Amino acid sequence: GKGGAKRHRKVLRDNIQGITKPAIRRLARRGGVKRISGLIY
DNA sequence: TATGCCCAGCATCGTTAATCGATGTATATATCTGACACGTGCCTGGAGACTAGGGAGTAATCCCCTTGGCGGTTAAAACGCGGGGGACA
């Protein structure tokens, strides 16, 4: 349970976590559906 | 004359043996078809050989384009909350 010279570096440009979820919904409505499931996207 | 007694007489039942015919099983032979390999014959579409030429290889230079680093705002992604209306039975 220590500071231990901790350095934090994780990867969120390329990797799919990093990309933006609204970026998708932005996409979803152009099609014009009313609803987005969590599972689906 | 009628009623019990002697002497044949074919069909009743069963059992033995020979015979025509059906069923099962080899066993070497005469068709049936379907070939794949060979030689028959011929064509030339490939092989073989040579040339000539221009594509593509490489090498030597250039300079443009792509990646990088950085920092400021400023929108966007992210989160959550809440409740309605669509999914699903």
# chains A, B, ... in the order shown; residues from 1 in each chain; ligands from 1
>>> select_by_dssp(residues="chain A", states="alpha helix (DSSP H)", output="PyMOL selection string")
chain A and resi 21-31
>>> write_last_selection(atoms="N, CA and C atoms", output="JSON list (two decimals), in the first residue's frame")
[["chain", "number", "residue", "atom", "x", "y", "z"],
["A", 21, "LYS", "N", -17.11, 6.60, -27.52],
["A", 21, "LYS", "CA", -18.41, 6.04, -27.74],
["A", 21, "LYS", "C", -19.37, 7.00, -28.43],
["A", 22, "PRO", "N", -19.51, 8.28, -28.05],
["A", 22, "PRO", "CA", -20.43, 9.14, -28.78],
["A", 22, "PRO", "C", -20.05, 9.08, -30.26],
["A", 23, "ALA", "N", -18.72, 9.00, -30.56],
["A", 23, "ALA", "CA", -18.28, 8.96, -31.95],
["A", 23, "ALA", "C", -19.12, 8.02, -32.82],
["A", 24, "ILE", "N", -19.48, 6.88, -32.21],
["A", 24, "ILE", "CA", -20.45, 5.89, -32.75],
["A", 24, "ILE", "C", -21.89, 6.41, -32.79],
["A", 25, "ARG", "N", -22.45, 6.90, -31.65],
["A", 25, "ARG", "CA", -23.84, 7.23, -31.66],
["A", 25, "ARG", "C", -24.00, 8.31, -32.73],
["A", 26, "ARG", "N", -22.94, 9.17, -32.82],
["A", 26, "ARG", "CA", -22.95, 10.26, -33.80],
["A", 26, "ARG", "C", -23.37, 9.55, -35.11],
["A", 27, "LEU", "N", -22.75, 8.39, -35.29],
["A", 27, "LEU", "CA", -22.90, 7.61, -36.51],
["A", 27, "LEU", "C", -24.28, 6.99, -36.61],
["A", 28, "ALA", "N", -24.82, 6.63, -35.47],
["A", 28, "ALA", "CA", -26.04, 5.80, -35.39],
["A", 28, "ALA", "C", -27.31, 6.57, -35.85],
["A", 29, "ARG", "N", -27.40, 7.80, -35.38],
["A", 29, "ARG", "CA", -28.50, 8.67, -35.68],
["A", 29, "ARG", "C", -28.45, 9.00, -37.19],
["A", 30, "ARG", "N", -27.33, 9.30, -37.89],
["A", 30, "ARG", "CA", -27.33, 9.65, -39.29],
["A", 30, "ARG", "C", -28.27, 8.62, -39.92],
["A", 31, "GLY", "N", -28.23, 7.43, -39.35],
["A", 31, "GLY", "CA", -29.25, 6.44, -39.86],
["A", 31, "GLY", "C", -30.61, 6.66, -39.29]]
>>> closest_atom_pairs(of="chain B", to="chain A", cutoff="9 Å", atoms="only C-alpha atoms (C1' of nucleotides)", output="Markdown table")
| residue | atom | partner | partner_atom | distance |
| --- | --- | --- | --- | --- |
| B:76 | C1' | A:22 | CA | 8.9 |
| B:77 | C1' | A:20 | CA | 5.9 |
| B:78 | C1' | A:21 | CA | 8.7 |
>>> write_last_selection(atoms="C-alpha atoms (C1' of nucleotides)", output="PDB file, in the first residue's frame")
ATOM      1  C1'  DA B  76     -15.904  16.678 -27.426  1.00  0.00           C
ATOM      2  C1'  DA B  77     -16.106  12.372 -24.868  1.00  0.00           C
ATOM      3  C1'  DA B  78     -17.557  10.682 -20.423  1.00  0.00           C
TER       4       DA B  78
END
>>> closest_residue(among="B:14, B:57, B:86, B:48", to="residue 37 of chain A", atoms="only C-alpha atoms (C1' of nucleotides)")
B:86
>>> atom_distance(atom1="atom CA of residue 33 of chain A", atom2="atom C1' of residue 83 of chain B")
20.4 Å
